[PDB]
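Working notes, beginning with the structure itself.
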Amino acid sequence: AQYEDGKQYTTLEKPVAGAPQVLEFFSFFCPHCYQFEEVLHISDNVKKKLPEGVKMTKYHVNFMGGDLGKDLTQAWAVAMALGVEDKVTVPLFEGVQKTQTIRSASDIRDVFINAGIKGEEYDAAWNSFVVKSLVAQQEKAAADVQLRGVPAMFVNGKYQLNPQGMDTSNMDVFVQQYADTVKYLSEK
């Protein structure tokens, strides 16, 4: 076929019922994740090709960067709860990997402050049980698919994107193949 199991994607041995339609995992410590976000804009190009009615989910993971890694998962929960993903994603990536000015939870907090979220608003969220359960959701979703690496994308709890099996000589052609594959899997 043109799209082959084990080629542009893999199938999960143990499918995850009730899973989000399109589910993406990343870490602010993850070098290909930085690329996916700032250079390739994967999430956004996938969204542009997805049918109508399909929702897109993105979760942070704990297994990179130890204690800070976990702080970043809680901070990503804060971002989701406040709806400010699009204002903190870039400065978090840059703060962790480019300038390396993020070294503590307080430095993560500074990014939200500078992005205009109120200190008050941030700290209340950070400590909120809504954010607790939002952290739980991120962990459970990652726990459900034996996730040991990022970036990762899963479609309908059954298919996992396989970017290793796509041409990378051109960055734009790679992105479209990726997105087209998500669309194919979505319609499957």
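Just so we're on the same page: first chain in the structure tokens is A, next is B, and so on; residues restart at 1 for each chain, and ligands are numbered from 1 in the order they show up.
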
Any idea what's packed within 7 Å of region 38-54 of chain A, counting only C-alpha atoms, ignoring anything in its chain fewer than 3 positions away? Could you give it as JSON, numbers by chain? {"A": [21, 34, 35, 175, 179, 182, 183]}

Deliver the residues from the most recent selection as a file, using C-alpha atoms, as a PDB file, in the first residue's frame.
```
ATOM      1  CA  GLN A  21      -8.684  11.593  18.775  1.00  0.00           C
ATOM      2  CA  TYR A  34      11.706  22.191  19.970  1.00  0.00           C
ATOM      3  CA  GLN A  35      12.069  21.607  16.216  1.00  0.00           C
ATOM      4  CA  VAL A 175       5.632  18.222   7.612  1.00  0.00           C
ATOM      5  CA  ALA A 179       0.060  15.745   8.563  1.00  0.00           C
ATOM      6  CA  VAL A 182      -2.418  11.890  10.564  1.00  0.00           C
ATOM      7  CA  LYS A 183      -5.381  12.621   8.230  1.00  0.00           C
TER       8      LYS A 183
END
```

Residue set, region 4-136 of chain A restricted to alpha helix (DSSP H), as a count of residues only: 65

With a distance cut-off of 9 Å and only C-alpha atoms, select the neighbouring residues of residue 153 (chain A), excluding the residue or stretch itself and same-chain residues fewer than 5 positions from it, and output the selection as JSON, numbers by chain. {"A": [22, 23, 24, 25, 58, 159, 160, 161, 162, 182]}

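Restricting the calculation to only C-alpha atoms, the smallest distance between residue 107 (chain A) and any of A:71, A:13, A:4, A:180 is found for A:71.
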
Given only C-alpha atoms as the counted atoms, nearest of A:30, A:90, A:145, A:134 to residue 112 (chain A):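 Using only C-alpha atoms, the shortest distance to residue 112 (chain A) belongs to A:90.
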
Residue nearest residue 67 (chain A) - candidates A:166, A:96, A:105, A:82, atoms counted: only C-alpha atoms: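 For residue 67 (chain A), the nearest of the candidates is A:105.
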
As a ChimeraX atom specification, please: the residues near residue 91 (chain A) (cut-off 10 Å, only C-alpha atoms, same-chain neighbours under 3 positions excluded). /A:86-88,94-99,102,108,111-112,114-115

Restricted to N, CA and C atoms, what would the selected residues look like written as an mmCIF file, in the first residue's frame?
```cif
data_model
loop_
_atom_site.group_PDB
_atom_site.id
_atom_site.type_symbol
_atom_site.label_atom_id
_atom_site.label_comp_id
_atom_site.auth_asym_id
_atom_site.auth_seq_id
_atom_site.Cartn_x
_atom_site.Cartn_y
_atom_site.Cartn_z
ATOM 1 N N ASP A 86 -0.571 29.109 23.815
ATOM 2 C CA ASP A 86 0.043 29.784 22.682
ATOM 3 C C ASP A 86 0.894 30.976 23.111
ATOM 4 N N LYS A 87 0.879 31.320 24.395
ATOM 5 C CA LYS A 87 1.687 32.450 24.829
ATOM 6 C C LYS A 87 2.908 32.029 25.609
ATOM 7 N N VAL A 88 2.956 30.770 26.045
ATOM 8 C CA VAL A 88 4.078 30.332 26.885
ATOM 9 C C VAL A 88 4.938 29.267 26.238
ATOM 10 N N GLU A 94 12.463 28.079 24.610
ATOM 11 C CA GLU A 94 13.668 28.895 24.497
ATOM 12 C C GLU A 94 14.379 29.007 25.852
ATOM 13 N N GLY A 95 13.604 29.192 26.921
ATOM 14 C CA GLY A 95 14.176 29.276 28.256
ATOM 15 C C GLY A 95 14.863 27.996 28.700
ATOM 16 N N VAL A 96 14.276 26.840 28.393
ATOM 17 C CA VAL A 96 14.941 25.571 28.690
ATOM 18 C C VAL A 96 16.122 25.269 27.738
ATOM 19 N N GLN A 97 15.924 25.383 26.428
ATOM 20 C CA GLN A 97 16.942 24.878 25.499
ATOM 21 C C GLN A 97 17.831 25.945 24.838
ATOM 22 N N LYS A 98 17.330 27.168 24.668
ATOM 23 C CA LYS A 98 18.112 28.181 23.932
ATOM 24 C C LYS A 98 18.935 29.017 24.915
ATOM 25 N N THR A 99 18.267 29.813 25.737
ATOM 26 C CA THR A 99 18.978 30.675 26.682
ATOM 27 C C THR A 99 19.378 29.980 27.974
ATOM 28 N N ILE A 102 15.884 28.873 32.374
ATOM 29 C CA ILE A 102 14.925 28.189 33.250
ATOM 30 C C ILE A 102 15.583 27.090 34.061
ATOM 31 N N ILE A 108 10.192 29.215 35.735
ATOM 32 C CA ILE A 108 9.066 28.861 34.875
ATOM 33 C C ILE A 108 7.978 29.893 35.065
ATOM 34 N N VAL A 111 8.263 33.264 33.173
ATOM 35 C CA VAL A 111 7.802 33.187 31.778
ATOM 36 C C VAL A 111 6.310 33.518 31.654
ATOM 37 N N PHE A 112 5.490 32.977 32.553
ATOM 38 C CA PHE A 112 4.057 33.264 32.529
ATOM 39 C C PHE A 112 3.795 34.732 32.885
ATOM 40 N N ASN A 114 5.858 37.259 32.442
ATOM 41 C CA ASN A 114 6.298 38.069 31.327
ATOM 42 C C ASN A 114 5.334 37.939 30.147
ATOM 43 N N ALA A 115 4.659 36.795 30.049
ATOM 44 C CA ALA A 115 3.632 36.617 29.024
ATOM 45 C C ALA A 115 2.330 37.271 29.453
#
```

Restricting the calculation to only C-alpha atoms, which member of A:177, A:74, A:186, A:57 is positioned closest to residue 125 (chain A)? A:74
